[PDB]
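Data first, discussion second: the structure below is written as structure tokens.
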There are 4 protein chains.
Amino acid sequence: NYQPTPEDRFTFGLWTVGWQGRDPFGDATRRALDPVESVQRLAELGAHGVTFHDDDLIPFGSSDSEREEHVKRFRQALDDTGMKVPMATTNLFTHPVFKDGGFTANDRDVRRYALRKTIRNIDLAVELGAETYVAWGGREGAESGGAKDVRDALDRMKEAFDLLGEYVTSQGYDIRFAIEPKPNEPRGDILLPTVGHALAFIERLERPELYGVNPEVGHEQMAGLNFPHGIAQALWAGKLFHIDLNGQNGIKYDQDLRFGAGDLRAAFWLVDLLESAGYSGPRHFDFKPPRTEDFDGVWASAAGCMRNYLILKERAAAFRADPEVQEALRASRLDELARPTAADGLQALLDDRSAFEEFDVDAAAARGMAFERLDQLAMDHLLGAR
Amino acid sequence: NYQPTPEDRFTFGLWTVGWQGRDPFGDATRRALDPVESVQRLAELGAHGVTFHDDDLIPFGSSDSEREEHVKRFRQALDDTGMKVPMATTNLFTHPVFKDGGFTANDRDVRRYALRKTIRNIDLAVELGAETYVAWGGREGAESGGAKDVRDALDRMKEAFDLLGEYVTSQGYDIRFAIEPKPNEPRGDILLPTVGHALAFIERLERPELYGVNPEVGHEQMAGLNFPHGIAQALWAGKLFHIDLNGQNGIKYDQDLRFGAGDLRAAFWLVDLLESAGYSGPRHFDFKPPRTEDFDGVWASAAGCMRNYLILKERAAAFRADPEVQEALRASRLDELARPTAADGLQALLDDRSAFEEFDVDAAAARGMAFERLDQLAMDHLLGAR
Amino acid sequence: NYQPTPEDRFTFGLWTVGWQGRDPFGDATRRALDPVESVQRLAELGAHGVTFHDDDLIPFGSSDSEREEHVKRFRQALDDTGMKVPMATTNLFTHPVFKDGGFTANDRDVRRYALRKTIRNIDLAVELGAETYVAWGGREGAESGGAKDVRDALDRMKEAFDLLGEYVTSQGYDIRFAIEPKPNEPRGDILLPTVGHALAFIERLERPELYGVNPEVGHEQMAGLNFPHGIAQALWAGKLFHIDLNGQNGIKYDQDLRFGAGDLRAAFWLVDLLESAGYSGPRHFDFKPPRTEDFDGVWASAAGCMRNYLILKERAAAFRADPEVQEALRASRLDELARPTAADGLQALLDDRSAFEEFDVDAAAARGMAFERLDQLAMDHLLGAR
Amino acid sequence: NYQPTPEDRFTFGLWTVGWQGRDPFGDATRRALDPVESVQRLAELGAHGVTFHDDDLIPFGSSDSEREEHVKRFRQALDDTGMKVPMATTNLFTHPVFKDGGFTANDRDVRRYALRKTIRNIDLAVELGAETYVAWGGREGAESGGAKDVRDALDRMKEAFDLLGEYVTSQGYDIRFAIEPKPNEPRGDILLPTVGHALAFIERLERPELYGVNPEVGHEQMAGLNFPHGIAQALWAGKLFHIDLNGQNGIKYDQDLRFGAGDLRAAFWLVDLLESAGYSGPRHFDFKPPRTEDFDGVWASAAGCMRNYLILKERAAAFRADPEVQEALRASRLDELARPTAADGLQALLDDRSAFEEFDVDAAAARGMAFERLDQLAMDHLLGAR
Ligand SMILES: [Ca+2]
Ligand SMILES: [Ca+2]
Ligand SMILES: [Ca+2]
Ligand SMILES: [Ca+2]
Ligand SMILES: [Mn+2]
Ligand SMILES: [Mn+2]
Ligand SMILES: [Mn+2]
Ligand SMILES: [Mn+2]
Ligand SMILES: [Mn+2]
Ligand SMILES: [Mn+2]
Ligand SMILES: [Mn+2]
Ligand SMILES: [Mn+2]
């Protein structure tokens with residue numbers, strides 16, 4: 001049951017199943033994976049494609065011949081499996097040069113390098129067919145207040161993204177950017193810490209249409225925020241270009257659990273929203289198989305990502321299609337929420353005694369919203385307890 | 001020492017010093033205050049002005065004669081003291097009619113009422129000289145996923161704010177709006193939960209220039225965010241129209257402690273930023289004297305708000321003016337953060353071998369940022385330990 | 001399906017379904033309920049019993065004749081329905097006299113009053129058949145550091161609980177105490193903030209056997225803790241005398257959602273643990289129907305508490321009984337976790353070369369734990385997706 | 001000013017100043033330090049001593065000759081400087097063998113190994129003069145519910161600590177154990193997650209007098225708890241055997257900032273408590289110089305730890321000695337908090353009409369606590385603004 005196929009558009013980063021298990025208190029628990037092997041194993045599980053940071057595919061410091069060979073082998077794996085590469089990104093966080101940032105490093109020479117590194121990989125992303133180029137500015141931020149003037153850093157961040165937009169447009173590329181928020185970790189505070197901050201920033205870029213967000217479940221939950229609500233605001237803005245799916249337990253370090261783990265009900269409401277909104281992008285998993293696992297456990301955890309999406313998709317669809325739930329949604333006035341407040345216009349509102357002098361506030365206040373009955377229908381559907 | 005005067009522009013809501021101490025587990029511990037008495041007592045402490053929700057000044061349900069009389073008495077107090085009213089707002093949260101929201105209530109008739117209530121108070125705010133009209137949508141949101149379609153609610157929220165902008169423009173008023181984020185409480189999740197989400201939303205209003213944010217220290221800290229960073233992003237966007245100053249200890253219920261309490265170092269960095277940026281708006285306190293206090297303690301806590309601002313202003317100024325700190329800022333490359341990354345242009349960057357093929361990554365990585373020395377200078381200045 | 005009956009031992013506080021919906025930003029949205037009516041309505045839903053604070057049953061300030069009459073009517077309702085009263089407690093938080101605490105108020109006369117108030121209600125609890133007397137010290141704590149010397153407050157708290165133990169023993173009562181932790185709200189920080197702190201404190205009481213804990217799902221989750229783990233530690237200590245069941249979304253104000261709402265997977269693991277451990281106490285709900293609801297919604301939300309417990313009980317049982325899961329538990333070495341590390345004794349361990357000089361660390365490190373496969377079996381069982 | 005000397009008892013782990021800066025998203029930014037060099041540099045800053053994990057001093061896997069040589073060199077550095085070694089600990093977290101735990105690993109052979117590893121290092125700790133042996137069970141816990149039966153794991157944890165107590169007693173050693181709580185990271189949830197849970201656990205060990213806690217500032221703050229309050233409870237229990245000092249900003253990953261950074265007011269109240277209680281143990285820093293720093297910044301950050309302690313010690317002493325503050329403490333009834341509630345005894349309390357029938361609740365409720373004035377005196381003292 002709940003068997004994924006490539007038509008489900010499930011994608012995985014190389015760095016997900018390839019995570020060796022190092023952590024700040026721990027050494028690797030797994031050997032490195034060849035990207036060719038992860039392409040093959042993901043395909044066999046029913047994935048649609050893979051994504052990469054530059055340095056996941058090509059070791060940092062490679063010669064041009066080494067680079068060609070890594071890319072050749074990867075392309076052969078993609079061709080052998082039918083896997084796609086819908087998204088790529090830059091690693092602007094691992095190398096010590098990026099310890100104060102890439103695009104917002106205090107050192108100008110590092111900012112210029114970060115841009116050159118990114119632009120080299122945009123070209124490769126396009127080679128490989130990617131439609132989206134993600135940017136997670138994990139090193140952009142500070143541990144102390146004097147270290148980083150945030151106005152100046154936002155000026156630098158805008159320059160960087162505007163240069164990248166100039167570049168793609170100069171080359172005639174179709175690729176679009178997706179900025180990935182995170183509130184903290186590895187920096188004490190990261191710039192553009194939530195979906196909202198990233199959306200706001202994009203509106204000040206010179207070509208805003210080229211940029212959207214890549215929200216990650218666990219990242220918004222590291223700020224205690226409602227991930228489905230943030231996704232709804234990104235969809236409302238027309239900016240959900242890509243998404244990272246995983247699990248998180250609240251406010252703590254970035255756990256990157258498999259999707260469905262962590263906050264299960266938020267996963268249900270997320271799937272419900274993506275499906276009802278007709279989101280057409282990749283269902284991408286940015287997760288890490290726990291370091292307790294061997295390779296068999298890596299593949300089990302990846303399979304579980306997809307399985308849980310498909311279970312939740314079935315249950316959300318059944319919820320929305322249930323006449324009893326449709327009834328309950330009307331009883332809770334979700335239909336009224338979707339109608340304009342004052343399509344009659346401002347003057348008409350001002351002249352409507354039913355809106356003020358003759359509004360019976362107590363009668364309106366007495367009306368229950370019937371939200372608990374609706375929510376228990378939702379729970380019953382999620383649990384298969386109807 | 002650190003004596004405030006009206007020229008410091010310190011303001012207080014009527015509902016701050018007037019908070020009777022009810023909480024969800026507790027009855028009032030203080031009698032209600034007459035607004036006239038709080039105007040007088042605040043003036044005597046050196047405040048510049050006061051702010052109000054409609055229902056703080058005029059009891060809900062008042063007749064026109066009662067309303068005139070409440071306003072008359074308040075105006076006399078303002079005239080007796082020289083206090084100003086720079087901001088007002090609407091109470092769209094206390095009355096049970098607003099239990100599912102004002103502007104985004106599922107019930108359309110409630111949304112229309114909320115707008116009429118607001119517009120009546122805009123007129124009064126303008127009467128009294130207010131430059132800013134705040135909106136805190138504390139009831140906008142949900143406890144469960146099916147109860148609120150956030151796309152539809154954002155459509156309703158945009159209609160509401162666009163109608164308010166149509167109204168002010170129709171009347172020729174100069175007043176501008178400031179949306180106050182909060183992530184949760186009283187709703188399980190509140191819409192526009194952070195500065196970023198509110199900034200993003202404003203960009204989609206029909207007349208965005210009429211709207212900014214009213215960030216509150218404790219609200220961003222309820223999401224674990226860096227309040228000075230969020231203020232910097234609001235300043236970068238040109239949208240810091242007003243601010244609420246108070247204290248909070250992290251991620252928990254909204255504490256509304258006096259300013260300086262809660263996160264003291266964040267208070268220092270906030271003041272440093274407001275002063276270095278030349279923020280010219282009110283320094284408004286949205287706080288609650290703890291319910292342990294009698295009226296003497298109310299006034300002590302209000303005085304402490306202002307005192308702590310003035311202490312932190314002195315220390316931040318001394319930090320920035322210290323030649324030793326100026327030196328340390330250059331050593332940490334804060335000067336370089338403020339210069340353009342690539343004013344030479346994209347092509348020039350692309351053709352600069354110093355940015356890639358001949359960039360010595362290891363040499364750059366070895367350079368320490370010197371942030372800890374800078375931060376300990378900051379600590380020494382804050383503590384008066386230089 | 002999932003129909004509760006009194007044999008399931010589900011209990012509710014009067015203050016749960018009777019919550020009028022006041023909050024710190026909001027007035028009541030529901031009328032007060034007569035305890036007689038809530039007894040009747042709960043019984044009809046299949047509840048086993050009810051619990052009370054003194055002031056829920058007898059208005060504060062009642063005369064002896066009024067008190068007798070309130071108790072008479074309540075007893076008639078209990079007799080009419082077959083409902084039980086397994087637990088009672090004291091309200092040491094609503095009245096302004098308790099603004100700095102009951103048992104740890106700085107004012108000694110308040111501490112003495114708090115004790116007298118409690119002892120009066122212990123007598124009534126015993127009258128009504130209660131086996132457990134809960135104490136939630138919601139006002140014990142501080143908003144500022146100088147206000148409360150915690151060593152001195154713990155001395156006062158120990159005196160108070162030791163006096164209560166002297167009292168029950170003097171009267172020959174069988175009732176036992178259960179201390180309910182909470183980390184914050186209404187105080188900035190509450191004393192005994194978690195299960196662990198309360199367990200530790202109990203060990204220093206003069207008659208520790210008389211005292212256990214009453215952990216509440218949402219309270220431990222307000223500190224970001226794992227509620228099932230804390231329950232396991234209370235069970236390990238022999239101290240789970242009572243429990244409060246509800247839902248919470250992480251680190252924020254105390255939400256008191258219906259059980260099953262909030263962290264659904266934690267609810268599953270909680271039920272699994274209570275049932276596998278053979279917890280024999282009440283399954284008590286300390287929840288609040290959201291203030292959006294009318295009375296119909298109150299009863300729906302109460303019914304949902306019980307329904308969700310029963311669904312999760314079925315799924316947890318099925319998980320543990322599945323041979324495939326039993327296999328997976330052995331593959332993950334849960335059997336080995338349950339065997340003694342060194343029943344051979346210290347000397348034997350010291351002389352065992354297999355434990356050190358000849359332990360093959362790499363071979364052991366290579367063994368995967370198989371936890372992800374186990375967890376996806378758990379997920380499949382919870383969702384009814386096997 | 002604020003110059004530390006060895007008599008201040010400041011200590012540092014080798015792993016603090018020696019942290020190379022690896023993090024889960026980042027490679028090392030600093031070379032490894034020779035322990036000899038850190039001993040020398042710490043001594044020159046005015047430190048009293050150093051602490052170590054086994055694997056900080058002796059590379060994992062060393063031969064007996066290599067081990068002797070590492071220890072010889074370290075002892076020479078200690079002798080050259082007069083530095084002490086008051087505490088040591090075991091690394092039961094870095095090596096992949098410990099991926100599911102040391103003492104509570106599911107694999108029994110790993111649990112036995114963990115014990116042998118610890119016991120070898122206890123012997124060395126004693127060699128070097130240590131009085132305290134810390135245990136931080138960072139790998140004890142789980143990412144999923146089925147992986148770890150917490151009752152069984154606590155049985156294993158108790159066996160392990162009881163075996164260690166048998167060992168020290170068999171050898172006639174004076175050393176005592178200190179269990180270090182942490183709520184999460186690297187495991188999704190860690191067992192014994194707070195001071196309270198560890199204190200409770202200790203009471204169930206066979207020789208409880210041999211065990212205390214080693215609380216860390218940032219760890220309790222990762223659960224949003226009040227660190228000074230938790231320290232007060234550990235002192236009340238007689239169990240503050242050691243402490244880890246650092247800084248943290250709330251609920252997020254373990255930051256390990258220098259002491260004084262993070263929550264500054266909590267640092268002030270902590271110092272106030274340690275000094276007023278006469279804590280006589282090491283003032284140990286478990287911190288990490290941020291990876292932005294070079295070696296000069298490492299030493300600056302270490303110096304700042306000590307400086308901030310000494311500043312806060314001066315300010316706390318001045319607060320407590322100020323007659324004005326002494327007055328304010330009496331006005332807030334801190335004197336009354338320290339007197340017994342009912343030294344007259346239970347019967348006397350029961351017969352005291354002033355405690356109930358003739359207690360004037362309203363008069364008592366009207367009395368303000370004067371906490372805000374007290375707290376602003378505290379703020380003025382901290383800031384040097386008296
Ligand atoms: Ca889950
Ligand atoms: Ca403070
Ligand atoms: Ca749930
Ligand atoms: Ca600080
Ligand atoms: Mn992540
Ligand atoms: Mn991601
Ligand atoms: Mn607030
Ligand atoms: Mn506010
Ligand atoms: Mn609760
Ligand atoms: Mn409770
Ligand atoms: Mn730490
Ligand atoms: Mn530590």
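Chain A is the first sequence line, chain B the second, and so forth, proteins listed ahead of strands; every chain is numbered from 1.
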Next item on the list: Among D/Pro96, D/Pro183, D/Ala338, D/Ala366, single out the residue with the greatest number of heavy-atom pairs under 4.5 Å to chain C.
Entry: D/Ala338

Checklist line | Option that, when pairs with chain C are counted at under 4.5 Å, heavy atom only, ranks first among D/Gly224, D/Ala114, D/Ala237, D/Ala277 | finding: D/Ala237

Notebook entry, point to check: Which salt bridge (charged side-chain N to carboxylate O under 4.0 Å, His left out) pairs, counting each pair once, include a residue from residues 221-235 of chain C, with sequence neighbours left out?
Noted result: none

Item checked: Per-residue contacts, residues 162-169 of chain C versus chain D, heavy atoms under 4.5 Å -> C/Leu163, C/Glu166, C/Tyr167

Next item on the list: Sort C/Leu374 into side chain, backbone, both or neither according to what part of it lies under 4.5 angstrom from a heavy atom of chain D.
Entry: side chain

Next item on the list: To the nearest 0.5 angstrom, please state how far the CZ atom of C/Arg265 sits from the OG atom of D/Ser144.
Entry: 7.5 Å

Notebook entry, point to check: If you count heavy-atom pairs under 4.5 Å with chain C, which of D/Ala363, D/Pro340, D/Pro193 comes out on top?
Noted result: D/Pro340

Item checked: Closest non-hydrogen atom pair, D/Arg339 against C/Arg111 -> O-NH2, 2.8 Å

Item checked: Interface residue of largest heavy-atom contact number with chain C, from D/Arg156, D/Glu372, D/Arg333, under 4.5 Å -> D/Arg156

Next item on the list: Check each atom of D/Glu357 against the heavy atoms of chain C and say whether the ones under 4.5 Å are side chain, backbone, both or neither.
Entry: side chain

Check: Of the listed residues (D/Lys117, D/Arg108, D/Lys148, D/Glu143), which shares the most heavy-atom pairs with chain C below a 4.5 Å separation?
Finding: D/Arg108

Next item on the list: For the pair C/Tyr113 and D/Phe359, name the ring-plane relationship: parallel under 30°, tilted 30 to 60°, perpendicular over 60°.
Entry: tilted

Note to self: Could you check whether any side-chain heavy atom of D/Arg367 comes within less than 4.5 Å of a side-chain heavy atom of C/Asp109, counting everything from C-beta outward?
What the structure shows: yes

Next item on the list: Determine the sole option in C/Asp155, C/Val150, C/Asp149 for which the side-chain contact (heavy atoms from CB on, under 4.5 Å) test with D/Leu337 is passed.
Entry: C/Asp149

Notebook entry, point to check: Do you know which of C/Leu199, C/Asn226, C/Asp189, C/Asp107 has the most heavy-atom pairs with chain D at a distance under 4.5 angstrom?
Noted result: C/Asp107

Next item on the list: Measure up the D/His197 and C/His197 rings against each other and bin them: parallel (under 30°), tilted (30 to 60°), perpendicular (over 60°).
Entry: perpendicular

Check: C/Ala223, C/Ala364, C/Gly146, C/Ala142: which one forms the most heavy-atom pairs within less than 4.5 Å of chain D?
Finding: C/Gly146

Item checked: Pair C/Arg204 + D/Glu203: basic N to acidic O under 4.0 Å -> yes

Margin query: Quick check on C/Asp360 against chain D: is it the side chain, the backbone, both or neither that has a heavy atom closer than 4.5 Å?
Written below: neither

Note to self: Please classify the contact between C/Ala342 and chain D as side chain, backbone, both or neither, with a heavy-atom cut-off of under 4.5 Å.
What the structure shows: both

Check: Between D/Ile190, D/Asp344, D/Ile119, which residue shows the highest count of heavy-atom pairs closer than 4.5 Å to chain C?
Finding: D/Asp344

Notebook entry, point to check: In terms of heavy-atom proximity below 4.5 Å to chain D, should C/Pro181 be classed as side chain, backbone, both, or neither?
Noted result: neither

Checklist line | Donor-acceptor under 3.5 Å (C/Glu159 side chain, D/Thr341 main chain) | finding: yes

Note to self: Which atoms of D/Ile202 are under 4.5 Å from chain C, going by heavy atoms: the side chain, the backbone, both sets, or neither?
What the structure shows: neither

Next item on the list: Tell me, for D/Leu334 versus chain C, whether the close heavy atoms (under 4.5 Å) come from the side chain, the backbone, both or neither.
Entry: both

Notebook entry, point to check: Would you say the side-chain atoms of D/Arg116 pair up with the backbone N or O of C/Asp352, donor to acceptor, closer than 3.5 Å?
Noted result: yes

Check: Rounded to the nearest 0.5 Å, how far does CG of C/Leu115 lie from CG of D/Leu350?
Finding: 9.5 Å

Check: Can you tell me how far the OG1 atom of D/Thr194 sits from the CD atom of C/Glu220, to the nearest 0.5 Å?
Finding: 8.5 Å

Checklist line | All side-chain contact (heavy atoms from CB on, under 4.5 Å) counterparts of C/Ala316, not counting sequence neighbours | finding: C/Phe268, C/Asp272

Checklist line | Contacting moiety of C/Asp100, where chain D heavy atoms sit under 4.5 Å | finding: side chain

Note to self: Need one label for C/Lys158: side chain, backbone, both or neither, based on atoms under 4.5 Å from any heavy atom in chain D.
What the structure shows: side chain

Notebook entry, point to check: So which part of D/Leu377 gets closer than 4.5 Å to some heavy atom of chain C, the side chain, the backbone, both or neither?
Noted result: neither

Item checked: C/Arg120 versus chain D, the contacting section by heavy-atom distance below 4.5 Å -> side chain

Notebook entry, point to check: Taking all atoms of both residues into account, what is the closest heavy-atom pair of C/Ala365 and D/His95, and its distance?
Noted result: CB-CE1, 4.5 Å

Check: Among residues 227-235 of chain D, which ones touch chain C with a heavy-atom distance under 4.5 Å?
Finding: D/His229, D/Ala232, D/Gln233, D/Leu235

Note to self: To the closest 0.5 Å, what do you measure between CD1 (D/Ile251) and CD1 (C/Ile251)?
What the structure shows: 3.5 Å

Item checked: Contact class of C/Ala105 relative to chain D, heavy atoms under 4.5 angstrom -> backbone

Check: Between D/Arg112 and C/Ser354, is there a donor-acceptor pair closer than 3.5 Å when you use the side chain of the first and the backbone of the second?
Finding: no

Note to self: Could you tell me if the side chain of D/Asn106 sits less than 4.5 Å from the side chain of C/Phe371, heavy atoms only?
What the structure shows: yes

Check: Given that the side chain runs from C-beta out, which part of C/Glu358 has a heavy atom under 4.5 Å from chain D: side chain, backbone, both or neither?
Finding: neither

